[PDB]
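Visitor: Have a look at this one before I ask anything.
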Amino acid sequence: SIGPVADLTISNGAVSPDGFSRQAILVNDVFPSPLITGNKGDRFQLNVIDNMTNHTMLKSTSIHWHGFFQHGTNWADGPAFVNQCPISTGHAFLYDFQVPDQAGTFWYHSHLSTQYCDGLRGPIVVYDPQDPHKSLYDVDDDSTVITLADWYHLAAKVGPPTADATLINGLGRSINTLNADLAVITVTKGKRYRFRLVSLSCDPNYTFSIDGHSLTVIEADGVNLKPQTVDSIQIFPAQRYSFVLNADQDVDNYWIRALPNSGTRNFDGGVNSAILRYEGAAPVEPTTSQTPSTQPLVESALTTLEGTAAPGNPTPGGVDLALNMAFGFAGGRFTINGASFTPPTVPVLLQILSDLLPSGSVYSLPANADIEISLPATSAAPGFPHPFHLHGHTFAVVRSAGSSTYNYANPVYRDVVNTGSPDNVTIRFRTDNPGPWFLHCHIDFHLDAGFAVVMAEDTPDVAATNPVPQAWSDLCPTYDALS
Ligand SMILES: *[C@@H]1O[C@H](CO)[C@@H](O)[C@H](O)[C@H]1NC(C)=O
Ligand SMILES: *[C@@H]1O[C@H](CO)[C@@H](O)[C@H](O)[C@H]1NC(C)=O
Ligand SMILES: [Cu+2]
Ligand SMILES: [Cu+2]
Ligand SMILES: [Cu+2]
Ligand SMILES: [Cu+2]
């Protein structure tokens with residue numbers, strides 16, 4: 001793997017992760033993008049070298065480092081026209097930030113239009129030398145990262161959508177390439193694995209299970225939690241989980257299954273599937289049967305390892321500022337409280353540094369306060385369920401999707417939450433991270449359609465807390481000169 005100091009060169013190339021050839025986005029000449037790695041407290045210097053020539057997938061790029069807090073380095077966070085102008089082709093831009101107090105499973109991806117759907121997306125693992133669950137597993141390496149990804153034969157900016165295939169570790173089969181190579185995951189009988197599940201999906205959620213094995217979940221979106229055995233896991237776009245697998249079954253091949261909520265909802269011919277292979281097992285497809293899932297993961301039954309409480313007082317409205325976000329759908333555009341987000345000419349953070357634009361979308365947040373955000377599900381926002389995600393913060397899921405109850409005493413903490421179907425998912429966080437932070441649904445087409453708002457956190461202090469490198473100031477004129 002690479003990092004925490006590395007070059008990321010972005011280019012275009014042919015790929016065939018399902019046997020069908022299409023042009024896509026490469027990171028250091030490989031599809032899918034390589035895993036980045038660091039220890040807790042490393043300083044990260046990821047030099048992003050834009051060498052793209054393909055206009056249909058945009059020649060420009062910017063990278064968000066999903067989950068990282070970016071305290072004092074809001075300029076480094078990624079979202080085009082919120083925190084930076086995009087890097088232009090022929091140029092490079094250094095992302096220089098630290099991760100002092102985060103550790104766990106994360107990822108990086110394009111935050112420009114729909115560009116990460118064309119293959120610029122990759123796992124990040126920040127190991128903890130003192131990890132609290134270390135004693136529960138023997139192996140925790142590059143071989144135990146598992147990524148889930150949707151794959152489309154025609155580019156993001158080519159059709160509307162429906163995945164042609166599911167990619168586990170970059171490999172999978174579509175309905176017309178049932179013979180294509182599958183992803184193989186190799187364990188040794190009697191060893192224990194910390195598997196790091198990473199959804200790179202642009203849209204589908206996956207119900208993930210492994211034939212013949214139970215999963216003990218110990219981490220969600222970077223947050224250590226109390227161990228919790230399950231036999232399947234619903235993972236929504238941009239979410240992460242660590243589960244320990246006790247490789248204690250017979251030496252054999254076992255189907256790994258990852259079934260999307262949309263499109264091809266079967267396992268016929270090994271679509272939506274990969275292979276757990278015990279060492280010594282033959283190089284064949286598994287022939288194992290799947291059991292009905294009798295202990296699925298339940299977000300409202302998850303709790304933080306330390307049992308941390310929700311910020312604020314343990315009662316609704318028991319907070320410094322309650323904001324309710326009302327979803328809708330106008331032209332071809334999503335709306336929250338009546339605003340559709342259109343990317344502004346001057347990125348928000350630059351406006352601050354210079355009411356913010358785009359009007360109707362920007363929410364001033366005071367510092368050192370408790371915030372409660374409501375996001376009731378509604379049929380007025382088609383394409384639900386929507387997984388909303390808050391940059392620059394972990395939040396406490398005081399009430400999950402599918403539930404009516406309210407947990408303030410020890411709710412799970414996360415950075416991406418399913419908001420459910422027409423449900424009133426509510427979250428809490430403390431404002432200790434001054435800057436403009438994107439709040440948006442992570443189904444990436446809905447995002448390009450404007451399904452987003454920006455939290456302008458402690459705006460009087462953003463100028464002081466986030467000094468900006470010369471290279472970042474150079475970004476916008478360069479971009480604006482391009483036709
Ligand atoms: C650029 O990528 C698009 C999207 O996959 C593809 O349709 C097009 O052929 C590519 N351009 C070239 C010159 O290969
Ligand atoms: C969701 O919860 C907030 C919290 O008070 C409330 O104001 C809002 O009306 C609720 N919406 C629905 C649809 O239940
Ligand atoms: Cu993300
Ligand atoms: Cu993010
Ligand atoms: Cu959505
Ligand atoms: Cu985002």
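We name chains A, B, ... following the order of the structure tokens; residues begin at 1 in each chain, and ligands are numbered from 1 as shown.
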Can you pull out every residue with an atom within 8 Å of ligand 4? Use only C-alpha atoms and all ligand atoms and format it as a VMD selection string.

Guide: chain A and resid 64 to 68 77 389 to 392 415 438

Visitor: Include N, CA, C and O atoms and write out the residues we just selected as an mmCIF file, in the first residue's frame.

Guide:
```cif
data_model
loop_
_atom_site.group_PDB
_atom_site.id
_atom_site.type_symbol
_atom_site.label_atom_id
_atom_site.label_comp_id
_atom_site.auth_asym_id
_atom_site.auth_seq_id
_atom_site.Cartn_x
_atom_site.Cartn_y
_atom_site.Cartn_z
ATOM 1 N N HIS A 64 -11.845 14.248 -1.713
ATOM 2 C CA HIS A 64 -12.252 14.334 -0.325
ATOM 3 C C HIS A 64 -11.728 13.116 0.443
ATOM 4 O O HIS A 64 -11.694 12.004 -0.090
ATOM 5 N N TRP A 65 -11.299 13.326 1.687
ATOM 6 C CA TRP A 65 -10.709 12.255 2.507
ATOM 7 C C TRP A 65 -11.749 11.839 3.544
ATOM 8 O O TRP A 65 -11.779 12.348 4.663
ATOM 9 N N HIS A 66 -12.599 10.890 3.162
ATOM 10 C CA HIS A 66 -13.910 10.779 3.784
ATOM 11 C C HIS A 66 -13.793 10.359 5.236
ATOM 12 O O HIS A 66 -13.303 9.263 5.542
ATOM 13 N N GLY A 67 -14.284 11.218 6.126
ATOM 14 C CA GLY A 67 -14.305 10.960 7.544
ATOM 15 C C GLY A 67 -13.324 11.808 8.329
ATOM 16 O O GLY A 67 -13.596 12.130 9.486
ATOM 17 N N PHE A 68 -12.197 12.186 7.719
ATOM 18 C CA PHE A 68 -11.165 12.909 8.452
ATOM 19 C C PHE A 68 -11.676 14.287 8.832
ATOM 20 O O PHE A 68 -12.389 14.936 8.059
ATOM 21 N N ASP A 77 -10.345 19.656 2.467
ATOM 22 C CA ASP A 77 -11.392 18.670 2.698
ATOM 23 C C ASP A 77 -11.933 18.059 1.406
ATOM 24 O O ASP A 77 -12.418 16.924 1.434
ATOM 25 N N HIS A 389 -24.601 12.453 4.958
ATOM 26 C CA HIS A 389 -23.261 12.418 5.511
ATOM 27 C C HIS A 389 -22.815 13.835 5.852
ATOM 28 O O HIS A 389 -23.055 14.776 5.089
ATOM 29 N N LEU A 390 -22.186 13.983 7.014
ATOM 30 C CA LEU A 390 -21.725 15.275 7.507
ATOM 31 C C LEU A 390 -20.198 15.273 7.536
ATOM 32 O O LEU A 390 -19.589 14.482 8.268
ATOM 33 N N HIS A 391 -19.593 16.139 6.722
ATOM 34 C CA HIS A 391 -18.158 16.397 6.779
ATOM 35 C C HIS A 391 -17.743 16.987 8.123
ATOM 36 O O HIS A 391 -18.517 17.679 8.794
ATOM 37 N N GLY A 392 -16.488 16.740 8.484
ATOM 38 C CA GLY A 392 -15.820 17.443 9.551
ATOM 39 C C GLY A 392 -16.288 17.094 10.935
ATOM 40 O O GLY A 392 -15.984 17.835 11.866
ATOM 41 N N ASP A 415 -20.468 8.874 10.740
ATOM 42 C CA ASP A 415 -20.526 10.017 9.837
ATOM 43 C C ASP A 415 -21.418 9.822 8.610
ATOM 44 O O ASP A 415 -21.583 10.775 7.848
ATOM 45 N N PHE A 438 -19.896 20.490 4.215
ATOM 46 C CA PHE A 438 -20.955 19.927 3.434
ATOM 47 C C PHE A 438 -21.812 18.924 4.198
ATOM 48 O O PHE A 438 -21.317 18.162 4.946
#
```

Visitor: Show me which residues line ligand 2, defined as having an atom within 9 Å of a ligand atom where only C-alpha atoms and all ligand atoms count, and present them as an MDAnalysis selection string.

Guide: chainID A and resid 316:317 322:326 372:378 422:426

Visitor: What is the atom CA of residue A:172-atom CA of residue A:155 distance in Å, reported with one decimal?

Guide: 17.7 Å

Visitor: Select from stretch 90-301 of chain A everything DSSP, run on the backbone, classes as strand (DSSP E or B), then give the selection as a PyMOL selection string.

Guide: chain A and resi 92-98+104-110+121-127+139+145-151+165-168+171+184-187+192-199+206-210+215-220+223-230+232-235+240-246+253-260+273-278+296

Visitor: Which residue, A:180, A:57, A:76, A:52, has the smallest gap to residue A:88 when you use only C-alpha atoms?

Guide: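 Checking each candidate against residue A:88, we get A:52 as the closest.
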
Visitor: Neighbours of stretch 338-341 of chain A within 7 Å (only C-alpha atoms; same-chain residues fewer than 6 positions away dropped), as a ChimeraX atom specification?

Guide: /A:358,360-361,450-453

Visitor: Which residue gives the smallest distance to ligand 3 among A:318, A:72, A:129, A:78, with only C-alpha atoms and all ligand atoms counted?

Guide: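 Answer, going by the shortest atom-to-atom distance: A:78.
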
Visitor: Neighbours of ligand 1 at 6 Å or closer, counting only C-alpha atoms and all ligand atoms: which residues, as a ChimeraX atom specification?

Guide: /A:22-24,54,56-57,155

Visitor: Could you save the residues just selected, with N, CA and C atoms, as a CSV table (one decimal), in the first residue's frame?

Guide:
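Printed below is part-v3.csv as written:
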```
chain,number,residue,atom,x,y,z
A,22,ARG,N,-14.3,-0.6,-20.7
A,22,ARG,CA,-14.7,0.8,-20.8
A,22,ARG,C,-13.6,1.6,-20.3
A,23,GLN,N,-13.7,2.9,-20.7
A,23,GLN,CA,-12.7,3.9,-20.3
A,23,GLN,C,-13.1,4.4,-18.9
A,24,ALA,N,-12.1,4.7,-18.1
A,24,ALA,CA,-12.4,5.0,-16.7
A,24,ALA,C,-11.2,5.8,-16.1
A,54,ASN,N,-9.8,13.3,-20.3
A,54,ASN,CA,-11.1,12.8,-20.8
A,54,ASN,C,-12.2,13.7,-20.3
A,56,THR,N,-15.6,13.7,-20.9
A,56,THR,CA,-16.8,13.0,-20.4
A,56,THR,C,-16.8,12.7,-18.9
A,57,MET,N,-15.6,12.5,-18.4
A,57,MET,CA,-15.4,12.2,-17.0
A,57,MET,C,-14.8,13.3,-16.2
A,155,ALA,N,-20.6,5.8,-18.9
A,155,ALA,CA,-20.1,6.8,-17.9
A,155,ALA,C,-21.2,7.4,-17.0
```

Visitor: Each residue of stretch 326-415 of chain A with at least one atom at most 12 Å from stretch 225-234 of chain A should appear once, together with its nearest atom pair and the corresponding distance in Å (one decimal); atoms considered: only C-alpha atoms; ordering: chain, then increasing residue number; output as JSON lines.

Guide:
```
{"residue": "A:410", "atom": "CA", "partner": "A:225", "partner_atom": "CA", "distance": 10.6}
{"residue": "A:411", "atom": "CA", "partner": "A:225", "partner_atom": "CA", "distance": 10.3}
{"residue": "A:412", "atom": "CA", "partner": "A:225", "partner_atom": "CA", "distance": 7.6}
{"residue": "A:413", "atom": "CA", "partner": "A:225", "partner_atom": "CA", "distance": 8.7}
{"residue": "A:414", "atom": "CA", "partner": "A:225", "partner_atom": "CA", "distance": 10.4}
```

Visitor: Around ligand 5, which protein and nucleic acid residues have at least one atom no more than 9 Å from it, if we count only C-alpha atoms and all ligand atoms? List them as a ChimeraX atom specification.

Guide: /A:203,334,381-388,440-447,451

Visitor: I want to know what sits within 12 Å of residue A:471, based on only C-alpha atoms, with residues of the same chain fewer than 6 positions away left out; could you give that as a list in words?

Guide: residues 47, 75, 76, 84, 85, 86, 87, 91, 92, 93, 94, 95, 96, 477 and 478 of chain A

Visitor: Print the selection's residues with C-alpha atoms to a file, as a tab-separated table (two decimals), in the first residue's frame.

Guide:
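Dumped everything to selection37.tsv:
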```tsv
chain	number	residue	atom	x	y	z
A	47	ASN	CA	0.15	15.00	-3.76
A	75	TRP	CA	-9.13	23.98	2.68
A	76	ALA	CA	-8.01	20.34	2.39
A	84	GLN	CA	-11.57	24.47	-2.96
A	85	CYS	CA	-11.67	25.06	-6.67
A	86	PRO	CA	-10.88	21.80	-8.54
A	87	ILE	CA	-7.36	20.89	-9.57
A	91	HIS	CA	-1.33	20.51	-12.50
A	92	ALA	CA	-0.77	19.08	-9.02
A	93	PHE	CA	-2.03	20.01	-5.56
A	94	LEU	CA	-0.66	18.83	-2.20
A	95	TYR	CA	-3.11	17.73	0.45
A	96	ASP	CA	-1.24	18.23	3.73
A	477	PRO	CA	-7.76	31.61	-11.16
A	478	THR	CA	-6.20	28.57	-12.87
```

Visitor: Please identify all polymer residues within 9 Å of residue A:58, counting only C-alpha atoms, omitting same-chain residues fewer than 3 positions from it, and present them as number ranges by chain.

Guide: A: 52-55, 61, 112-113, 115

Visitor: Let's have the selection written as a compact mmCIF listing (two decimals), in the first residue's frame, with C-alpha atoms.

Guide:
```
# COMPACT_ATOMS: atom_id res chain seq x y z
CA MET A 52 -6.62 13.41 -17.12
CA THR A 53 -7.58 14.14 -20.71
CA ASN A 54 -11.13 12.76 -20.78
CA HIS A 55 -13.86 15.41 -20.89
CA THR A 61 -10.54 16.75 -10.06
CA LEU A 112 -16.46 16.79 -8.24
CA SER A 113 -19.85 16.28 -9.88
CA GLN A 115 -16.52 11.80 -11.06
```

Visitor: Counting only C-alpha atoms and all ligand atoms, which of A:473, A:83, A:12, A:169 gets nearest to ligand 6?

Guide: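 Ranked by minimum distance to ligand 6, first place goes to A:83.
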
Visitor: Set the distance at 12 Å and use only C-alpha atoms: which residues neighbour stretch 457-467 of chain A once local chain neighbours fewer than 6 positions away are removed? I'd like the list as a ChimeraX atom specification.

Guide: /A:70-77,83,97,348-356,362-369,371,391-393,429-439,473

Visitor: Determine the nearest neighbour of residue A:9 from the options A:120, A:98, A:263, A:35, counting only C-alpha atoms.

Guide: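 Nearest candidate to residue A:9 out of A:120, A:98, A:263, A:35: A:120.
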
Visitor: Just how far from atom CA of residue A:163 is atom CA of residue A:184, in Å to one decimal?

Guide: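 Atom-to-atom, atom CA of residue A:184 and atom CA of residue A:163 are spaced 21.4 Å apart.
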
Visitor: List every residue of stretch 240-422 of chain A that DSSP, applied to the backbone of this structure, assigns to helix (DSSP H, G or I), and report them as a ChimeraX atom specification.

Guide: /A:268-270,299-301,348-353

Visitor: With N, CA and C atoms retained, write the just-selected residues as an mmCIF file, in the first residue's frame.

Guide:
```
data_model
loop_
_atom_site.group_PDB
_atom_site.id
_atom_site.type_symbol
_atom_site.label_atom_id
_atom_site.label_comp_id
_atom_site.auth_asym_id
_atom_site.auth_seq_id
_atom_site.Cartn_x
_atom_site.Cartn_y
_atom_site.Cartn_z
ATOM 1 N N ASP A 268 -27.537 -15.388 -9.340
ATOM 2 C CA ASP A 268 -27.404 -16.348 -10.435
ATOM 3 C C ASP A 268 -26.081 -16.149 -11.177
ATOM 4 N N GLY A 269 -25.332 -17.241 -11.340
ATOM 5 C CA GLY A 269 -24.091 -17.197 -12.085
ATOM 6 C C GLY A 269 -22.960 -16.518 -11.356
ATOM 7 N N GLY A 270 -23.137 -16.223 -10.075
ATOM 8 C CA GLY A 270 -22.115 -15.546 -9.317
ATOM 9 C C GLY A 270 -22.040 -14.055 -9.536
ATOM 10 N N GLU A 299 -28.678 -0.962 13.513
ATOM 11 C CA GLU A 299 -27.974 0.264 13.878
ATOM 12 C C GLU A 299 -28.396 0.781 15.248
ATOM 13 N N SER A 300 -29.650 0.584 15.639
ATOM 14 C CA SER A 300 -30.054 1.115 16.935
ATOM 15 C C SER A 300 -29.599 0.232 18.091
ATOM 16 N N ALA A 301 -29.126 -0.976 17.814
ATOM 17 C CA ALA A 301 -28.540 -1.847 18.825
ATOM 18 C C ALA A 301 -27.028 -1.708 18.921
ATOM 19 N N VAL A 348 -17.251 28.479 -1.307
ATOM 20 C CA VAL A 348 -17.718 29.053 -0.045
ATOM 21 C C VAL A 348 -16.548 29.504 0.823
ATOM 22 N N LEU A 349 -15.641 28.569 1.149
ATOM 23 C CA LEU A 349 -14.504 28.899 2.004
ATOM 24 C C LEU A 349 -13.762 30.137 1.512
ATOM 25 N N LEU A 350 -13.701 30.341 0.196
ATOM 26 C CA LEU A 350 -13.052 31.538 -0.323
ATOM 27 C C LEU A 350 -13.908 32.778 -0.091
ATOM 28 N N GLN A 351 -15.238 32.642 -0.182
ATOM 29 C CA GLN A 351 -16.129 33.758 0.128
ATOM 30 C C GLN A 351 -15.943 34.211 1.568
ATOM 31 N N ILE A 352 -16.064 33.272 2.514
ATOM 32 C CA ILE A 352 -15.741 33.550 3.912
ATOM 33 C C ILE A 352 -14.421 34.299 4.002
ATOM 34 N N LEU A 353 -13.363 33.730 3.419
ATOM 35 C CA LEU A 353 -12.050 34.358 3.537
ATOM 36 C C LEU A 353 -12.066 35.773 2.968
#
```
